[PDB]
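Peer 1: The structure that follows is given in the form of structure tokens.
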Amino acid sequence: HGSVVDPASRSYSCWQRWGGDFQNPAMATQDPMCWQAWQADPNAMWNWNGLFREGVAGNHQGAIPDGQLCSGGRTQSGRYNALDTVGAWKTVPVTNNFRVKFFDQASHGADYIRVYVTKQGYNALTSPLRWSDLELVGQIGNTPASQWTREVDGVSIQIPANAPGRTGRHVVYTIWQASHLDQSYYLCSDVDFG
Ligand SMILES: [Cu+2]
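The sequence shown lines up with residues 37 to 230 when you count with PDB author numbering.
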């Protein structure tokens, strides 16, 4: 149980920034994407740590149709479906060589963590996220929990990523295959390469 916390994933970002004031009506204009998410199902944010499928057997693209990447293929009876909405999700700034910080509360380890970034030309404001929009730009292999960095209430690890040629708004897609079970997590993070 965990997520990409920097650059924060869509659910982690909406939880971190609005969890303390999640019924603030100002959200409808200040952050329309978090507003539609909180209105559709607040548990997508309260359960930010649980965006997983089970039994995928490594066939991530088979299990996750285009336009459903950010909800993990509408996993868990649609809890995270509002993360698939197209629009002006809040970004954080990154550089072309950047680091993805993954936080795991449960110390499951990883069989692998893969980091993809959208290709220049993809428009996150207008277009559903497709597998063909993504390029693999960072990856770690089998990494038992004993090798992750100690945190309060879990462990973390940084995955280097290099996305040459990107400028402006993009999406990072991180796939964590946990080691305790065939359980896989699917994290979209909105970023701006400057
Ligand atoms: Cu877990």
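C-beta: ideal position from N, C-alpha, C; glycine also.
Would the C-beta of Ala-142 count as close to ligand 1, meaning under 7 Å from any of its heavy atoms?
Peer 2: If you number the sequence shown from 1, residue 142 lands on position 106. Checking the Cβ of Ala-142 against ligand 1 gives yes.
Peer 1: Report yes if the C-beta of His-96 is less than 7 Å from at least one heavy atom of ligand 1; otherwise report no.
Peer 2: Along the sequence shown, read from residue 1 onward, the residue named residue 96 stands at position 60. Checking every heavy atom of ligand 1 against the Cβ of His-96, none is found closer than 7 Å.
Peer 1: Expressed to the nearest angstrom, what Euclidean distance is found between the alpha-carbon atoms of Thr-185 and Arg-46?
Peer 2: For this step, residue 185 is matched to residue 149 along the sequence shown. For this step, residue 46 is matched to residue 10 along the sequence shown. Between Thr-185 and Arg-46, the C-alpha separation is close to 23 Å.
Peer 1: Can you say whether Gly-145 is buried or exposed, counting buried as having 16 or more other CB atoms within 10 angstroms of its CB?
Peer 2: As a working mapping, residue 145 is identified with position 109 in the sequence shown. By the 10 Å Cβ count, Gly-145 comes out buried.
Peer 1: Less than 7 Å separating the Cβ of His-37 from some heavy atom of ligand 1?
Peer 2: By one-based count along the sequence shown, residue 37 stands at place 1. At least one heavy atom of ligand 1 is nearer than 7 Å to the Cβ of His-37, so yes.
Peer 1: According to DSSP, simplified to helix, strand and coil, what is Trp-212?
Peer 2: If you number the sequence shown from 1, residue 212 lands on position 176. Here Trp-212 sits in strand by DSSP.
Peer 1: Cutting at 6 Å between CB atoms, please list the residues of its own chain near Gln-219, excluding the five before and the five after it.
Peer 2: Reading the sequence shown from its first residue, position 183 is the one you call residue 219. Closer than 6 Å at Cβ, skipping near neighbours: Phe-88 and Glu-90.
Peer 1: Give me the residue from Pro-101, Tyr-152 and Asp-147 with the minimum Cα distance to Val-227.
Peer 2: Taking the first residue of the sequence shown as position 1, residue 227 is located at position 191. The option with the nearest alpha carbon to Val-227 is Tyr-152.
Peer 1: Where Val-41 and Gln-183 are concerned, what is the direct C-alpha to C-alpha distance, given to the nearest angstrom?
Peer 2: For this step, residue 41 is matched to residue 5 along the sequence shown. For this step, residue 183 is matched to residue 147 along the sequence shown. The straight-line gap from Cα to Cα measures roughly 18 Å.
Peer 1: Would you mind working out which of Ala-197, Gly-201 and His-216 sits nearest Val-208, comparing C-alpha positions?
Peer 2: Here residue 208 is taken as the residue at index 172 of the sequence shown, counted from 1. Here the closest residue by C-alpha is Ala-197.
Peer 1: Consult DSSP for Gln-97 and reduce its assignment to one of helix, strand or coil.
Peer 2: As a working note, residue 97 is residue 61 in the sequence shown. The answer is helix: DSSP assigns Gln-97 an H, G or I state.
Peer 1: Between the C-alpha atoms of residue 234 and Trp-167, what's the straight-line distance to the nearest angstrom?
Peer 2: The displayed coordinates of the chain run from 37 to 230. Any statement about residue 234 would go beyond what the structure contains.
Peer 1: Would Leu-217 be called buried (16 or more neighbouring beta carbons within 10 Å of its own) or exposed?
Peer 2: Position 181 of the sequence shown, counting from 1, holds the residue named residue 217. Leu-217 is exposed by the Cβ-count criterion.
Peer 1: Between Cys-70 and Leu-165, how many whole angstroms is the CB-CB distance? I'm expecting something under 8 Å.
Peer 2: Here the question's residue 70 lines up with position 34 in the sequence shown. Here the question's residue 165 lines up with position 129 in the sequence shown. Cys-70 to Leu-165, Cβ: 17 Å. No contact.
Peer 1: Quick check on DSSP: helix, strand or coil for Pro-196?
Peer 2: By one-based count along the sequence shown, residue 196 stands at place 160. Of the three classes helix, strand and coil, the one that applies to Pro-196 here is strand, per DSSP.
Peer 1: Between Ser-107 and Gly-86, what straight-line distance do the alpha-carbon atoms span, to the nearest angstrom?
Peer 2: Residue numbering aside, residue 107 sits at position 71 when the sequence shown is read from its first letter. Residue numbering aside, residue 86 sits at position 50 when the sequence shown is read from its first letter. Approximately 11 Å, taken between the alpha carbons.
Peer 1: Please tell me whether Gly-174 and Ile-195 are closer than 8 Å, where the distance is taken between their beta carbons.
Peer 2: To locate residue 174, count along the sequence shown from 1; it is residue 138. To locate residue 195, count along the sequence shown from 1; it is residue 159. Yes, the pair counts as a contact, with Cβ atoms nearer than the cut-off.
Peer 1: Measure the alpha-carbon distance for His-37 versus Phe-134 and round it to whole angstroms.
Peer 2: Position 1 of the sequence shown holds residue 37. Position 98 of the sequence shown holds residue 134. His-37 and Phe-134: Cα-Cα distance of roughly 23 Å.
Peer 1: At what residues does the beta strand (DSSP E) containing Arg-166 begin and finish?
Peer 2: Looking up residue 166 in the sequence shown gives position 130. Unbroken run through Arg-166: none, as it is neither H nor E.
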